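To begin, one chain is listed below as structure tokens, in the form deposited in one PDB entry.
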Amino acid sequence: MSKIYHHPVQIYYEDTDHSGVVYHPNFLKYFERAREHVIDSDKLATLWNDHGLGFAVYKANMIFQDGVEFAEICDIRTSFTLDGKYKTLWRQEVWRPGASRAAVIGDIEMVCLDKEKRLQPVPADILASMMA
């Protein structure tokens, strides 16, 4: 497993529901953002523009342990491990300010697809970026 990467996410009105906490599907959005920052979003845009390759989530196993509130700045904490040429495993967690446990945990499995939905190996330049 890699080191832990950190990405802040602020909770705005778009993120909450009428129950007073973050609406749960939004956590996968925050996890997506955080993976982009590990990879480098400019490299993702170049890879898609120039080669029509992009990544897809194959599996996501989520645990929602605590409610996250409006105006919190949470830390998305991410690590990755390579699992062969095709798969990347991500551990991602949402931590509320000062918390002693993750509010949300995800174990995510990612693949790389072309525009025909065929699996492709993770490009070396992406892996380089991820490990830089």
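The term rigid core refers to the most C-alpha atoms you can superpose between the two forms while keeping them within 1.5 Å. Quick note: we count residues from 1 along the sequence shown, nothing fancier.
Unshown form deposited in another entry; subsequent notes refer to it.
For residue 70, the Cα coordinates differ by under 2 angstroms between the shown form and the other one after the core has been superposed. The Cα position of residue 122 differs by 2 Å or more between the shown form and the other one after fitting on the rigid core. Taking the rigid core as fixed, one finds a CA shift for residue 89 smaller than 2 Å between the shown form and the other one. With a change of no less than 3 Å, the CA-CA distance between residue 51 and residue 82 is smaller in that other deposited form than in the form shown.
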